[PDB]
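Accompanying notes for the structure given below.
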2 protein chains.
Amino acid sequence: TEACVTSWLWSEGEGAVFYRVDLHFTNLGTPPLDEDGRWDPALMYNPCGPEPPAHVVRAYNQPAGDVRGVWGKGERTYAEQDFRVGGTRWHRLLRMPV
Amino acid sequence: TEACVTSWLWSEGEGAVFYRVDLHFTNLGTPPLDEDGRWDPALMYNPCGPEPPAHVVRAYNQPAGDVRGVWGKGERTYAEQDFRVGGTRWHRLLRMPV
């Protein structure tokens, strides 16, 4: 409802799944530790749910090198990763603008 | 079919920022595929928008590897990654499952 980018994640083999991930960004102002030093209650407050299954989350955040860069409706650049975790091969697309 | 999970991210220095990121995961079931069996979603589907600022997106989508801290308690626990992107230091808290 404010600012947004998209990612994609999918697996191969039997039980292949396919996911679109929309990343909604909400500007919260200043970094949460002020010079006083009090904490912004916004930090870790009211996390959204329910959460995706554990292997899916793990797959989304697995460290992996970029195999190539792609476009991208509207010539929008994405970095692609092709990796394996938990015996399963995953493909991942991340919005990466210059 | 929907699931969601929340991240936080913030930079240091002059003009530091602080964002919430709500990652909305949508299961697309079995989408149409080409020959061989390949999905090309960056070109098939429209992305969400409008986009957040460029450098914020690059920072969130950066690889960073080194889990340097664990935040929060019990069932709402977060892994912190701590990294620079061109002279700017960033912190990114990711939900980490069980």
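With ideal geometry, Cβ positions are generated from the backbone for all residues, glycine too; neighbour counts draw on all protein chains shown. The numbers here are math on the coordinates, done by the rules we state, and not lab data.
Summary table
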{"quantity": "Subset of the stretch B:41-79 (residues that are touching a strand residue (DSSP E or B) at 6+ places or on another chain (Cβ under 9 Å) and charged (D, E, K, R))", "calculated": "B:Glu51, B:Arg58, B:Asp66, B:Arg68, B:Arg76"}
{"quantity": "Matching residues in the stretch A:50-98 - criterion: being within 15 Å of the chain's Cα centre (by Cα) and among the aromatic types (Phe, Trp, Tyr)", "calculated": "A:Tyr60, A:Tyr78, A:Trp90"}
{"quantity": "Tally, over the stretch A:67-81, of residues that are of a type in the set (D, E, K, R) and more than 16 Å from B:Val57 (Cα to Cα)", "calculated": "3"}
{"quantity": "Answer residue from the stretch A:1-47, given it is surrounded by 14 or more Cβ atoms within 10 Å (Cβ to Cβ) and among the hydroxyl-bearing types (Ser, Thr, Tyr) and is farthest from A:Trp90 (Cα to Cα) among those", "calculated": "A:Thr26"}
